[PDB]
Each structure stands twice: as structure tokens, then as C-alpha cells.
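Before any questions on how it binds or moves, here is one chain, the form deposited in one PDB entry, in C-alpha cells.
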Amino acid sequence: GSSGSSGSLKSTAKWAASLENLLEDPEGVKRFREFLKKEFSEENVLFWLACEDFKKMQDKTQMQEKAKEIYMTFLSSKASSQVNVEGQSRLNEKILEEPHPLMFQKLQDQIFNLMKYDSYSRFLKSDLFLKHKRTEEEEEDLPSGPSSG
């Protein structure tokens, strides 16, 4: 019987399992960001998150705006923060013409994999995460090793 807010539950495990678990969770995003912000790369999660929210709204009017808004954010030339990708420049002011949850849906897919091995990968082997993973549970002094069968 736990009332109030979740947290005591093993979080690291979730984030470690799949990046999604970290993004969906508030704690994960809070930390993950800090790690990125360091090299001023967080902009990646800032654009990725939007992608979803956009399709979520499920509104034409609202979309009409958010569309160009986000586009003029990172999908712009004078974009102070341009995410890392292979070539998502294929889009253009036109992509804004008809707003749809498919314009970003894809752009978000690639970015996901990028951080999955770009940032995520590190996040795990990073102190920001480890620290918690350690303080969470002490080490074992038993001869018990990787059975592997």
C-alpha cells in the first residue's frame, strides 16, 4: 500500500532495460537531460519529445502551428541547436503546408536510435546513472559469479 508518489521502486532497472522507460519516467528525463546539457546536446531530447506531443494533440489547428514552430526550432538553418542525423534536411517549409503526425513520427524514430547508442548507451555507463545504481544496493562479497547456465 503506497500512497503519494512512486520512486522507492527500482528505477535504474527500468531505464537500463530500455531507454523508453527512462524517457517515459520523470526521474529519467530529469537526469538524462543534465547529462546531455553538459555538452549542450540535450537539444536532441527537446526535439524528440515534441515529435510525440505533436501527434498526441491530435488537433489540426494546434498542429498547424506546432508544425512550423518545431521546424523553425531545429529543422531551420539558423537553428542554434541542430540535432544529429544522417540527412533529415529532406524536409522544407513545404512539410509545414499539411501538418500530420507523420512528418515527425519518422524524424523521431531515427533520433531515438541515435541517442539509444549515442547518449543512452553512455548514460548507463555514466555516473549520473551508476551512482544511483550503486547507492541503491550494496555489493556482494560472495563467490557467486556469472553462472551463465
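Heads up: residue numbers just count along the shown sequence, starting at 1.
Below, we refer to the form deposited with a partner chain bound, which is not included among the displayed structures.
Contact with its partner chain in the deposited bound form, judged as any non-hydrogen atom within 4.5 angstroms, is confined among 22-30, 37-45, 50-58, 63-71 to 37-45. Taking non-hydrogen atoms only, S80 approaches its partner chain to within 4.5 angstroms in the deposited bound form. Using a 4.5 Å cutoff between non-hydrogen atoms, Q108 does not count as a contact of its partner chain in the deposited bound form. Within 4.5 Å of some heavy atom of its partner chain in the deposited bound form lies at least one heavy atom of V85. Taking the partner from the other structure, its partner chain in the deposited bound form has no heavy atom within 4.5 Å of any heavy atom of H100.
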